[PDB]
Ligand SMILES: Nc1nc2c(ncn2[C@@H]2O[C@H](COP(=O)(O)OP(=O)(O)OP(=O)(O)O)[C@@H](O)[C@H]2O)c(=O)[nH]1
Ligand SMILES: Nc1nc2c(ncn2[C@@H]2O[C@H](COP(=O)(O)OP(=O)(O)O)[C@@H](O)[C@H]2O)c(=O)[nH]1
Ligand SMILES: COc1ccc(N(C)c2nc(Cl)nc3cc(F)ccc23)cc1
Ligand SMILES: [Ca+2]
Ligand SMILES: [Cl-]
Ligand SMILES: [Mg+2]
Ligand SMILES: [Mg+2]
């Protein structure tokens, strides 16, 4: 039933704030935590993401984490900043310097116990906690290092709950520092071991979508996070809205993940919006949402095969038409769905559409073409590591080249595992 | 084709029509199985936790 | 765009149907085990009928009729003719036949009751034996059952046609192959072209241990026969030459003397089993191509010997016939973006 | 008089149970509060409807029924719905977290935790029985609870009530409404563990009910509600001989005796006709001959398969409404002439027939119209094994890669239970084939 949400770092916190804005709107809750919507469906499962507080108030079940207070202060002064309980703000002062080692091993260890204290408080006030979702980036310092540190701690104290993460993958087209491959790779090693399901949100993809199709000449982090909050609302609708399929995080893990390591999901959204007037038809929605140009992970789906697919349709539309269209895609492209998992595409419908849309479609694909992402990172890792470039920032915090070698190997193994089933 | 054993009452009747003649484990073992799987589970959890300790 | 699947690579007719389907550009082929097909050219054995028709959003169609084996394996067909009122044991176009099991229900104790009345009445008493290579045509029973029991499978033995119609010049035997296509609606279509599989050796009614002038198989004629192809290329006389021969030598038409009986027999057999195999209200649909084999006697009377359920054509006619299967069996259910079949209805 | 206890397990069982008990109450004139005016014997009786309802001193008729699910959201709708007063609270049993579409989670991890509570509550029903004859158990093949908890409960019922009959109503999986990719696994697992604990089982294929609802009810995208109201009809048709005066299928044992000669092959095919939309303006009423004929159209079966290519081991006709024997035997004769109906050697070519003169009750406002006469045919044909084939083949595709196996193993199940189950099913499939070809 209850979900405990964590956002860590600059990137984590920014996309998390946007997520809470969006779904707080969708459920009729205003920046003060007072419900002001009209319908019923908005409150049926409100507790999955919100706690009820004195005076019929709704408080998001969310913990904000960082090693520097800059972005946390920004959130408090931000639109919904006063919807969170202030005690759930857990921050350091020193920062993590884009350094995975600082976030995992030195600066973040100092702060991790208090974060877990707040987590504990939030969980013991749960009737039946299903698990955790963590938003963070894999190229930074706090997000990647300290978030993966959080995650394995959480796994230790709650080993029978679901760990789910929204993970933003670094890209040179949208890059803060050169050590971002290193951080990413060291994180992926963690994730492949301690998450049940991970949404790979590629910044490369988000950039290309803002540029090639939304026609934004200079994309800002904001333009990128608008796509992200769109995608997050999509992929959690079946969690927070009452439907025929009455879904939670563990069912999603069970049905989407054939093998425990291959839990890296390619998300997609349609229609692609910028910060229109023409209603999309269900056939349009359905073959935009499958389009490579609508996926937030930069990989060519035609370059591998789908292991599983979940497809959500938001808005008032023809269940019959959605059924027919989904079936036309599968039956017209059955090359790209593995035949050893029968009926591997499932569809859900939610009457409520997102803000500003009559109808939308959100896509969650577990495809072997995700390997492309990791290969990309691994190449970028190696070009530096074969010269031990920039390593001193890490060995300065106590790390050994050996750890790097092990992370690299594990990600390469992950890529091979995906390649094993792309040909089965 | 002959009609046999017609039994009839105020709610209905029933009859037969012939057209041609003819040409567990114990409570013990069950709780043992349930507890066996609990043990494997507790062992996988211990394996995990020791690893996390490492 | 429609999708099909091929499960019998060793079928000449349907290999050509596959090529013709792709050619349209509206049919792509899938891997043999992909269940998201519109069309299955199934295997000949243990075709998984039970898995057909359960794919939502797919109309599904298969190139065999489940249950058609009852017509197309020899003991089964004898059983069908005897027990079915529509055909009856009084059937006047199927030879007297009996189902015999090896030494290792059976009908040899009913056989002998007729055989000895044939020998006493001093009638021709040749009988042939075969099942579904290993043929014995003999004049006394103790050769027949003796041979049956050396093999180990069910056999049928039937009244040999002692006075066949012999083509001159050459004084030789033949069988007639008709190709019949039953579509998903159960329209019976007889292909305009048939073939005469002849023998290259004059008919020797003396010793029945020589099978070269009594059996008309395209295989036993190329290898072990003297002059394979002397009179017609590959031992195959088609319908025009044979109609012309009938007119010249015997003063009749193929249509009148023979075809009418064949159209009757086809329609008999298929309409007889229609309620057992029809797919009219089924969750998947069936069509099937059948090869009826006929033997004409010296009195211009037609006899049915075998029905084959997985038949090959004649190299000259593959094109036209397989294009017809596409037109009337496949495009009728899956339409794209002067007929060669005679429709049998009465 | 001998009582029957209904047990509904999981989402599918509980919503179907809702359907059936709503129907039951309309049919016996039992109001939503549990009051049945035609019942002059106040506070007790050994009437025929008493096999399904017990009575309180206050004239309240209460289902001999337990609802069990491992998460609370579906049974909560029973606790707050029209018939909340019908059910006494301790007959509605919910857990806290479901089995997550995982048989191993429902059989092993969670089932162990809640089996003894359920057994205690069933015992409180059985202790209100003078001569309990057994159980009718409704559950999905596909769901985590429906498969896993059910087979655990079947095992334990065989222990605590070993002389009592157990009948299943089981929802076979279909992709047009399925909720999980691992439903073939759960289906095989729960069938292998339950097979020896179930005397007769009525399989209902969701694919069938869905198509029936699209073709005959002109429902464009059927809901569980649509499906359930039609399934309840069939279930009411099957149990009516237990709740009404009659001589056919009077006790649960009679179902085994009339429909199940070989104990393993205890899967009768249900076929029902007519199913007629309420929005049909001009409908004209089908004859006894017409509906008994529809009983042999595969489009009316509870499981899509072709009995023409199988053999019958038993056949029973249950009519309801305006039917007399002679019209029955008329229609039988003509159908026998025009249809492929082959029995096995050792079985009589025959039909056990039951008539109940009251036509089907239909839910006011539903999708189904009154008809003057209706019939349900229960036939033990080998053709139903087609379904097992489909299922097993799907099973095999997945298990060849051990896809998803890890989720089950992580609940304490051993990989070998997979093969073991598949291993039994290949047995079952062979039994059907030798009995039938
Ligand atoms: N006919 C019908 N089928 C249903 C219904 N509800 C669920 N199903 C089917 O049942 C299967 C899913 O099993 P469920 O009973 O929902 O699962 P569960 O027993 O609740 O177990 P978990 O939720 O996994 O803990 C799927 O094939 C569904 O299509 C229903 O109300 N009617
Ligand atoms: N999509 C997105 N990516 C971001 C955002 N902020 C930072 N990033 C990416 O995250 C990486 C930097 O890590 P950052 O989150 O700033 O460091 P941290 O605070 O220690 O986790 C780089 O790849 C950035 O492009 C954001 O708001 N949106
Ligand atoms: C491919 O097989 C399956 C995949 C996923 C799922 N379930 C449990 C789902 N869960 C959640 Cl949270 N959202 C979903 C959104 C969808 F559009 C489809 C399914 C969803 C079931 C079967
Ligand atoms: Ca009473
Ligand atoms: Cl007992
Ligand atoms: Mg930064
Ligand atoms: Mg459930």
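Residue numbers (my numbering), protein chains in the order written: chain B, -19 to 404; chain W, 9 to 62; chain F, 335 to 680; chain E, -2 to 434.
In this text, a Cβ means the ideal position worked out from N, Cα and C, and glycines have one as well.
Euclidean distance between Cα positions of residue i and residue j
i              : j              : result
residue 386(F) : residue 398(F) : 12 Å
residue 198(E) : residue 264(E) : 5 Å
residue 46(E)  : residue 241(E) : 6 Å
residue 84(E)  : residue 60(E)  : 7 Å
residue 500(F) : residue 548(F) : 11 Å
residue 277(E) : residue 21(W)  : 31 Å
residue 338(F) : residue 310(B) : 15 Å
Reference residue i, options the options, closest by Cα
i              : options                        : result
residue 92(E)  : 27(B), -19(B), -13(B)          : -19(B)
residue 251(B) : 284(B), 61(B), 339(B), 22(B)   : 339(B)
residue 130(E) : 136(E), 107(E), 154(E), 110(E) : 154(E)
residue 170(E) : 428(E), 136(E), 210(E)         : 136(E)
residue 185(E) : 434(E), 398(E), 389(E), 427(E) : 389(E)
residue 371(B) : 147(B), 149(B), 152(B), 160(B) : 160(B)
residue 389(B) : 401(B), 374(B), 361(B), 400(B) : 361(B)
residue 562(F) : 531(F), 592(F), 444(F)         : 531(F)
residue 391(F) : 330(E), 181(E), 204(E), 160(E) : 204(E)
residue 438(F) : 401(F), 411(F), 487(F), 622(F) : 487(F)
residue 172(B) : 51(B), 306(B), 49(B), 118(B)   : 118(B)
residue 178(E) : 140(E), 149(E), 214(E)         : 140(E)
Cβ pair residue i, residue j closer than 7 Å
i              : j              : result
residue 225(E) : residue 238(E) : no
residue 415(B) : residue 187(B) : Here chain B comprises residues numbered -19 to 404, so residue 415(B) is not present and cannot be evaluated.
residue 167(B) : residue 124(B) : yes
residue 162(E) : residue 53(E)  : no
residue 384(E) : residue 304(E) : no
residue 47(B)  : residue 115(B) : no
residue 261(E) : residue 428(E) : yes
residue 675(F) : residue 523(F) : yes
residue 376(B) : residue 286(B) : no
residue 201(E) : residue 228(E) : yes
Closer than 6 Å: residue i CB and nearest ligand 4 heavy atom
i             : result
residue 53(E) : no
residue 36(E) : yes
Any non-hydrogen atom of ligand 6 closer than 6 Å to residue i Cβ
i              : result
residue -13(B) : no
residue -10(B) : yes
Inter-residue CB distance, residue i and residue j (contact presumed, cutoff 8 Å)
i              : j              : result
residue 288(B) : residue 236(B) : 5 Å
residue 97(E)  : residue 146(E) : The Cβ separation is near 12 Å, so there is no contact.
residue 529(F) : residue 572(F) : 6 Å
residue 341(F) : residue 376(F) : 5 Å
residue 432(E) : residue 341(E) : 6 Å
residue 498(F) : residue 633(F) : About 10 Å; that fails the 8 Å criterion.
residue 537(F) : residue 560(F) : With 8 Å as the limit, residue 537(F) and residue 560(F) do not qualify as a contact, their Cβ atoms being about 14 Å apart.
residue 372(E) : residue 365(E) : So it is not a contact: roughly 15 Å between Cβ atoms.
Residue i: CB within 6 Å of a non-hydrogen atom of ligand 2
i              : result
residue 160(B) : yes
residue 150(B) : yes
residue 122(B) : yes
Closer than 6 Å: residue i CB and nearest ligand 1 heavy atom
i              : result
residue 98(E)  : yes
residue 390(F) : no
Residue i Cβ short of 6 Å to ligand 5 heavy atom set
i              : result
residue 163(E) : no
Interface positions of the segment 385 to 406 of chain E facing chain C (Cβ-Cβ less than 7 Å), listed along the chain: Judged by its chain identifiers, the structure shown contains no chain C, and its protein chains are B, W, F and E.
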